[PDB]
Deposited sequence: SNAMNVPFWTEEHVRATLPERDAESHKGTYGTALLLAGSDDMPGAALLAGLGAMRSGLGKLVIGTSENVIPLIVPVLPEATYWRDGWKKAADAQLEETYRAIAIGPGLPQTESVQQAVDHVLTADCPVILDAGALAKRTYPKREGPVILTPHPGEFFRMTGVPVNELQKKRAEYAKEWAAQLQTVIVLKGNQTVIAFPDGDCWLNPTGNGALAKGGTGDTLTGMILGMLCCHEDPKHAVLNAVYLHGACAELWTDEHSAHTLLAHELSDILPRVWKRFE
């Protein structure tokens, strides 16, 4: 379909200066899958927000603090979000990393969507469903298996026509779809669509998607244009893996290290 790449030149032209930067909400991490909250939290705080509130399970909080003492907490927030509309205003919200694929998580999604801000759905928050007309984009970040869960398009078919399917479903759902893989597709509901040119096989390991979700969350808080936030996050996330492989084997990357590398990588694009 000749989908263009979001190139270095586009990144440089669109990344913000740091001369407020928003407050983000991260609804992530469960007793059974705690690490996703730390990964997404580090990605978000590394990515230019002003404040982060992590609504994680109570028993997950103590696992984050020593690594990310800059985050604050909404105790059992992802569970509380199932029961009522948020009362605080956030610049952007992410939900899903480390959450189970349950109806209660979808109830929290429904409540989060009544806020007027960009919302990211990932992992356990991804389901076959439709989305309400609202202010603010909804950004879905499926791996191909999650895309199958969302759409019924089998993975072996999806992978032959990734951009065509991503574009079709972004239009049908009226959501942004970041369809992960080699050459991640970023499809917008208005029909714009891009391929990401960065990254390598070092990213094909658990946790790298949690880091990406956090990076998007933070970038939404420092870019005025949420489209550029999404594109720049996907781009820089892959550029971190590429920097890693200059001196380290691609087999050996741990996701949290992408966050650790981002400071230097981002500097290069300023």
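S.K.: Please list, in sequence order, every stretch of the deposited sequence that lacks C-alpha coordinates.
M.R.: Since the structure holds only modelled residues, the stretches it omits are 1 to 3, 23 to 28.
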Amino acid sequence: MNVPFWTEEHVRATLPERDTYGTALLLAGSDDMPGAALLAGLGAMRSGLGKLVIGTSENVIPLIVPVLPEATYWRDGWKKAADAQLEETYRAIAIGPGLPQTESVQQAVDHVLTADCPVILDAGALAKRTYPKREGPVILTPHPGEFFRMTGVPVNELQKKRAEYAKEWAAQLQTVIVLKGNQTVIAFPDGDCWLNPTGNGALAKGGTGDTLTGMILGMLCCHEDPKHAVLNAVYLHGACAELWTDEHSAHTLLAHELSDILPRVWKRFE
From here on, numbers count along this sequence of modelled residues.
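S.K.: Mean CA temperature factor from the deposited coordinates, higher in 159 to 167 or in 137 to 145?
M.R.: 159 to 167 has the higher mean C-alpha B-factor.
S.K.: Using the B-factors recorded in the PDB entry, average over the C-alpha atoms of 111 to 119 and of 90 to 98, then report which stretch comes out higher.
M.R.: According to the PDB entry, the answer is 111 to 119.
S.K.: Compare the CA B factors listed in the entry for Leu179, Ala125, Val176, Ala84 and report the winner.
M.R.: Of the candidates given, the C-alpha B-factor peaks at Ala84.
S.K.: Could you say which of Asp210, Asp31, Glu242, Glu70 has its CA atom at the highest B factor, as listed in the PDB entry?
M.R.: When the deposited C-alpha B-factors of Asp210, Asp31, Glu242, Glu70 are compared, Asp31 is largest.
S.K.: Is the Cα B-factor recorded for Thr252 in the lowest, middle or highest third of its chain?
M.R.: It falls in the bottom third of the chain.
S.K.: If you rank the chain by CA B-factor, which third does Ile261 end up in: lowest, middle or highest?
M.R.: Answer is middle: the recorded C-alpha B-factor places it there.
S.K.: Can you work out whether the C-alpha temperature factor of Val11 puts it in the lowest, middle or highest third of the chain?
M.R.: It falls in the middle third of the chain.
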